[PDB]
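Protein chains in written order, with the entry's author numbering: chain O, 258 to 288; chain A7, 1 to 426; chain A3, 1 to 426; chain U, 160 to 181; chain b, 47 to 207; chain V, 49 to 96; chain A2, 1 to 37, 47 to 437; chain P, 209 to 243.
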Amino acid sequence: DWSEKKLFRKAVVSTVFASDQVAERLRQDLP
Amino acid sequence: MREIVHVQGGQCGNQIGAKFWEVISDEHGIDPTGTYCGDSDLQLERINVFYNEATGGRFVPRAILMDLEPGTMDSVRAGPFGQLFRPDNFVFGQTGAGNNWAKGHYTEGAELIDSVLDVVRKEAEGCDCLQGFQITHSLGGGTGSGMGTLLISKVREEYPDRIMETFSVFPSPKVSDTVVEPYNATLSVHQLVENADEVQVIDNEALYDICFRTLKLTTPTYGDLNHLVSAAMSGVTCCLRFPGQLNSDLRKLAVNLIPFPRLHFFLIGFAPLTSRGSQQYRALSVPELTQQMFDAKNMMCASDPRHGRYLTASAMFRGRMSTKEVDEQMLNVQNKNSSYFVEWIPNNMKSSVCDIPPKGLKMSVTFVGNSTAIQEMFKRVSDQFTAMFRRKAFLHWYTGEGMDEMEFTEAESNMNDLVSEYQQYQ
Amino acid sequence: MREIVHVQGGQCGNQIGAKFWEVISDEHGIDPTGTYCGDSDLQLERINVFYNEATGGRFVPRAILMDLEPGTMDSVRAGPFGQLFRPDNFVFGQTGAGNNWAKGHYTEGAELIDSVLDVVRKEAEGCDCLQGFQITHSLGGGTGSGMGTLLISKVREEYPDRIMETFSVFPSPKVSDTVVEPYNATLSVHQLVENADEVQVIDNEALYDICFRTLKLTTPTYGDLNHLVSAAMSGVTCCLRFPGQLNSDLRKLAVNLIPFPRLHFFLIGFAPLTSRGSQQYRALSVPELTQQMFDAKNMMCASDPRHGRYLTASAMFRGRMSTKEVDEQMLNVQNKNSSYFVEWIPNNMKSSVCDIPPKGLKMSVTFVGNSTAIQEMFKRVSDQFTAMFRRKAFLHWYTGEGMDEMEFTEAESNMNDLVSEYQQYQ
Amino acid sequence: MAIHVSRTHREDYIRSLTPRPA
Amino acid sequence: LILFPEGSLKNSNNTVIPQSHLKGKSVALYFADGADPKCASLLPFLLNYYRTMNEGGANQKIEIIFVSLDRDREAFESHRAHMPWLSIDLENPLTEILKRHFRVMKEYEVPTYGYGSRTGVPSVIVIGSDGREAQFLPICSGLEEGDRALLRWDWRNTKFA
Amino acid sequence: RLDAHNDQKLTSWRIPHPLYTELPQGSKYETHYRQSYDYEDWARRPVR
Amino acid sequence: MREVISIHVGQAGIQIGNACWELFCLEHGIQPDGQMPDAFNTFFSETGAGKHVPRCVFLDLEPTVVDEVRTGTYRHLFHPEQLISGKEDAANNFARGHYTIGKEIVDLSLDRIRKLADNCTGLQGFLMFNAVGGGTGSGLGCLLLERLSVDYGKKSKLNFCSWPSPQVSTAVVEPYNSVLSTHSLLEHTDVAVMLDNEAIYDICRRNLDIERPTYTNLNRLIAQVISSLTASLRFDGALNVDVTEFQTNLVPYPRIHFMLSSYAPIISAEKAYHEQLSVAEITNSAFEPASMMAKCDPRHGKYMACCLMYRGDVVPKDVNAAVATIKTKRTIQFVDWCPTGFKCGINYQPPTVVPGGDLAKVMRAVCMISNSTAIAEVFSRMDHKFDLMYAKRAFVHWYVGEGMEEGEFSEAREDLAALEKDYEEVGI
Amino acid sequence: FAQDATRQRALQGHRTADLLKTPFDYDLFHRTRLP
Ligand SMILES: Nc1nc2c(ncn2[C@@H]2O[C@H](COP(=O)(O)OP(=O)(O)OP(=O)(O)O)[C@@H](O)[C@H]2O)c(=O)[nH]1
Ligand SMILES: Nc1nc2c(ncn2[C@@H]2O[C@H](COP(=O)(O)OP(=O)(O)O)[C@@H](O)[C@H]2O)c(=O)[nH]1
Ligand SMILES: Nc1nc2c(ncn2[C@@H]2O[C@H](COP(=O)(O)OP(=O)(O)O)[C@@H](O)[C@H]2O)c(=O)[nH]1
Ligand SMILES: [Mg+2]
């Protein structure tokens, strides 16, 4: 190996932390 | 100006703090690369409270992301609004707490708290004058309670005069993952009661309750729950960064609510919170906002308000409104609800106004409340703690790394001292 | 008449000098052929500090490449920025030291000292007079220490009133090649403490620790370590070759740091030092540069300054900065680290500002400071010596070349006298 | 005594740049 | 002399004004880039400075002429919409005349000409009548007093007279 | 490539391939005395 | 006729006068090539037709800053022979600047002094600009003054010493340089003006409200306060005060000639839009502890004698009203051995400003010049600074190796102690 | 001898020169002095 430190892995942020929903429900994004 | 140093402790703290940095970044118009948009004076004139200039026109959050397992913050960088944080500010663990208070506090947290303090004083000393340290963590998880509260205690002796505000999320009775729930909760509160100026309590079952009964939300996710807490997490700090006709600061809330120093545990709430079919049908005004304010189902803490007396309470409004409809709506709720308010204090209500509403909302408010009816969570945590303690269950994972038997006993002695102190103020 | 004559001592001195001459040739805009470039008049404005004219408009370095084995001197000649030196400056050794002090100092020393002084005279009275010399050497090998310090031992009485600036690479605590490490270390110190005007310690495992935890490179080659040290003395002599509103010389550092003539062992910092993700996210300013500079992990001598007292210190700045942020962040460090300094000197540290920075640097500091924290290595060399001298082992390689008992015992007698010397200044 | 270019200011240089511009 | 041509100045509402329009007004050139993070942090403060001091005024006191460092017509008009005052069109000859005149360019130096310093993005150069630098407002300089150096504007003695 | 936090300066040495084309040499001076006291054109003059 | 010779030693001295002679040529309107596009003769001599040569000499032992002025902007007005380059720096040593390497420069500098003073009769004074903490500023700074008292023993050697701050000193052997040069500076100067670094740092933060000064911003203020001192020399005024008069009304005993200064207004352009620059308030604004040049609190001191000279269109009527205002004030408690304590100098010339510097303009500039008994504390902190370093003879092997024998460290202790007690016995 | 590009630039320390540079817009110098 020769490159810089890999600090963080690939990370698929699935629906467990993919918030939305209450995002528009609190930000008043209209019907 | 005055600086707030955020620390995200544990897996819970990292996730709820990441949503806090997202809800404050769009609040300040910050591009997720780090730049600015929105062309307004009033936003960036006080942005140093949570951000630092990085000699390139980008604003780095003053956030200390940490826990003992690298698998948590590896996901928040790849998520949105994650590359704003400084990578060297991230401090890692390698072994991870085994879901316990003791391997957090004593064994694997002592050699990491040296580097944690160094990056805290990296941020604290670099400014002229600092307001307080703000820490989001959980009182049910291993690294969120073990050396999370050790970080709370150890920063006190160097910085005792700045305010010490923390958000703590407690285990839930009806849904019990994280199998050692009361051992982490009881044995962290007895240390968090004397080394923290102000602690706000959150229960996950209450955050679930606001999803079903109020929002009519079908499937609530963990990231959604972190946005519920992030709404009043930014609402408690609106006037710290934005102007107002009646100001509010973190020391303003601390001095004006708790009458006694050992009592520093609060409820919280956020209004308005509408549902899918009730945006354009529900009025948004101060008289209705106070009725949703003092709603038992509105509370994000599962300690019941109407089973006891409100010692004090606070309602910090947000937006453009008339401030004496803020005032008289505090008056009349004390008028109709006399038994729900404590009798040896007239005018339990403190109110203030931040002039900047949250985006898209004309008007909002946050609750910083102080009830003596927080006992139903205290005795419920305490009696499962004594349930597993009298039969000596799951003690081998705790006492095998240099703990005496008397720390649990004095943790319970502090625990029922809190119960007895609060019960005699009925 | 302001010249510093460089001397390359041993294999370690050849690579650390070849990298140093490269980072000052392109600092001064110099072709490896020898012509002048660089689009700024400052670079030839002070060019005779390290160079001389080659009677064709060409610039030749004023350095003496010296080693006992021609392989490493062929390697720096075939490498880039190696054709700058005139071929007569190189002096060749054939036999090569067997990593022995007695071999380099006594046996084949006398057959090469007659030549290596004849080449350093002709550079010295090439001008009417100068201020002194700089050398680069190591304490681990045979040719890097033996006539590396014997060259000092003859020029000391040749030019008595001239600064004798020496870069010594000390043997590492945790790792050790060339198994007779303390035999070359103690037997060089016991005459370098009175024949060298000003000495700097360069620790190998300190350098790897810097390049792993604050520079975040994974597999540091010795060339990578060479560049990190080459930037250290590019700064300490930068004001000799470049203007500033606070002028400073190497004699200026010598009088401001050396209280007493025996004690002149100096620790070195170079800042700023970040990784690829941290360059963009970190501010570049004086208050953060100095506060990062006063850290143990920046220091390229890894004797912990927390376990000692800074008797005095010095910071030379490089870039377009003012002077008072050098000043009141000096005193801010002074009162914050009140017990980390020495009490009978208030305002312990001297400072300097130089106008030009290194290439692509905003503000940089070289930190030449005299601390008593350095005993953790000098008692470490002393008790590693007495572990092998008591058992007599690995010393019959030295007896037949001129070593005897009373010069050996004089070595630790000068050693522990200096160890106990610093303890009583505490 | 080494002699440098007139753009290097060692010894007399104000009265050396003006007679011979180098 | 005539610093600008007849069809060079360019303000809001999409109309041209001549050079005698700047008579008796404090005139300043805004060397700035659309996507530059310095400019994102600084443009709202110029917007308020332009707001309060001449709106609460007896006569017109300040004009700022944006002179652009951008890369595209579409990127030029997008930054244009967020800004009301005077400006100069990017692809006239004028931008690269006042660029070398006031030493304000963006490390593209050697591929064009062999001079030295650049003093680039961002900068405001309040100027006199004859194209002279009147005084420097130090956002990014040796002072590096960003976001506050607007208070160092000397508006009484710098007039386009 | 300015906007993506340009990290190398070798693009300025592409044009001077002999580095003796009379264009860049003697073009700048970076001392604090010219930061405070230096004006339009009375800095580089011949002596009469 | 009328002339004054300005001498600069040390790096502080060369760049202070680099701002002084900039402000002087800005006053007379001469282009800084030496050409103008009879009142300037006190600072400049006429050499030929329209060519102005300064009456300044530049001295140091380290050539990196004399050659920076030579190659700088002022290459032709500053004729190339007024500047002197040294061999090597004194390196923060009085002993090096005075004994070893100062002998090769003092011979050339004094050969300049009597060939610059023999040009015309009526020599009036010397403006010695030195840094006490620096090695060549106090070394060659000292060595020039006893030699100037031998040949020109009946003339005035006025001095400008930058005293160090209690906290900001930027050198370790700095208090060793201050103690050992003040005694030898004492009976060889006749007027001493002590400034400070941190004092003017506090001024630039407070009333000129830059967060970010540097040494050249220090040099704008000191060049202004010297220029106001020399305002009645070059140009015309109602009550003109000359060099032979600053000592006439400040020094009561030959020992007590150390003395503070200040300046008012020190303001920005936004700081002049909104307030009186009236005579009745500028004197008040120049007397507070947050205004002088030495951060020396006079509230526990006692004012003794003071010149208060003005420049601009100003009338001595409201000057007289402002004088009675100060005398009726109880906080500024004057001494009892002189009920009179003032001079009010006055001059008609408008206060010049540098275009580019942050010091905005005004039609009244006031330099406060004051002798006071408050000097006892600023030298007492200087005394216990030396006593703590001299406990086990620290940093003394450098000085005794240069040839300065052990023993003349020690009378410098009781000579400054004798000076310190002089402030108590004059204030009783 | 494995004379590849990454091997040669590692031993020559070209990577340490890359990280020791400051990656933003660099040379600022304005003359505040007015005629
Ligand atoms: N007031 C003022 N003081 C200065 C200035 N520059 C340097 N000094 C003071 O000068 C003292 C040290 O002397 P230097 O000017 O640094 O150097 P020097 O006078 O040439 O003497 P050496 O140190 O031997 O070189 C410091 O303690 C500073 O306080 C300046 O621009 N203004
Ligand atoms: N608010 C919130 N609570 C969570 C989250 N993840 C887990 N929890 C709750 O907290 C408990 C997990 O403990 P945790 O503090 O994450 O353990 P840790 O890994 O040692 O920090 C579970 O019982 C969950 O109910 C989250 O993202 N947000
Ligand atoms: N030049 C160089 N020195 C090293 C390296 N690794 C370690 N060192 C240090 O260099 C010393 C080796 O001695 P050296 O001077 O090279 O032997 P000599 O040439 O016979 O005098 C040891 O004490 C090591 O601490 C490397 O890769 N190159
Ligand atoms: Mg000099």
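For every residue, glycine included, the Cβ atom is placed at its ideal position computed from N, Cα and C.
Between the options, which has its C-alpha nearest residue i's C-alpha?
| i | options | result |
| --- | --- | --- |
| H105 (chain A7) | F85 (chain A7), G360 (chain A7), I152 (chain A7) | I152 (chain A7) |
| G17 (chain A2) | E97 (chain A2), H197 (chain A2), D327 (chain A2), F67 (chain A2) | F67 (chain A2) |
| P157 (chain b) | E88 (chain V), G74 (chain V), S60 (chain V), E70 (chain V) | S60 (chain V) |
| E3 (chain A3) | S351 (chain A3), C127 (chain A3), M406 (chain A3) | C127 (chain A3) |
| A48 (chain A2) | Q358 (chain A2), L397 (chain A2), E414 (chain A2) | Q358 (chain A2) |
| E137 (chain b) | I185 (chain b), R117 (chain b), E155 (chain b), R97 (chain b) | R117 (chain b) |
| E376 (chain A3) | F389 (chain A3), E407 (chain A3), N416 (chain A3) | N416 (chain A3) |
| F81 (chain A3) | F59 (chain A3), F92 (chain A3), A97 (chain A3) | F59 (chain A3) |
Suppose contacts are defined by Cβ-Cβ distances below 8 Å. Is residue i in contact with residue j by that definition?
| i | j | result |
| --- | --- | --- |
| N347 (chain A3) | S178 (chain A2) | yes |
| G81 (chain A2) | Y81 (chain V) | yes |
| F255 (chain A2) | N186 (chain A2) | no |
| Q91 (chain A2) | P63 (chain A2) | yes |
| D39 (chain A3) | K57 (chain V) | no |
| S168 (chain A7) | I202 (chain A7) | yes |
| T35 (chain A7) | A86 (chain b) | yes |
| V286 (chain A3) | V326 (chain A3) | yes |
Let me know the secondary structure DSSP gives residue i once reduced to three states.
| i | result |
| --- | --- |
| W259 (chain O) | coil |
| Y76 (chain b) | strand |
| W172 (chain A2) | strand |
| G126 (chain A3) | coil |
| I135 (chain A3) | strand |
| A314 (chain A2) | strand |
Is there a Cβ of chain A7 sitting closer than 8 Å to that of residue i, yes or no?
| i | result |
| --- | --- |
| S260 (chain O) | no |
I want to see whether chain O comes within less than 8 Å of residue i, judged by CB atoms only; does it?
| i | result |
| --- | --- |
| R213 (chain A7) | no |
For a cutoff of 8 Å on Cβ pairs, would you count residue i as touching chain V?
| i | result |
| --- | --- |
| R239 (chain P) | yes |
| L217 (chain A3) | no |
Return no unless some Cβ of chain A3 is closer than 8 Å to the Cβ of residue i.
| i | result |
| --- | --- |
| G160 (chain b) | yes |
| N293 (chain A2) | no |
Is residue i close to chain b? Criterion is C-beta to C-beta, closer than 8 Å.
| i | result |
| --- | --- |
| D233 (chain P) | yes |
Using 8 Å as the limit for Cβ to Cβ distance, is residue i near chain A2?
| i | result |
| --- | --- |
| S84 (chain V) | yes |
| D176 (chain b) | no |
Could you confirm whether any beta carbon from chain P is found closer than 8 Å to the beta carbon of residue i?
| i | result |
| --- | --- |
| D55 (chain V) | yes |
For residue i and residue j, which I take to be in contact (beta-carbon distance under 8 Å), what is that distance rounded to the nearest angstrom?
| i | j | result |
| --- | --- | --- |
| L317 (chain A2) | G365 (chain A2) | Wrong, their Cβ atoms sit about 29 Å apart, outside the cutoff. |
| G9 (chain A3) | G144 (chain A3) | 6 Å |
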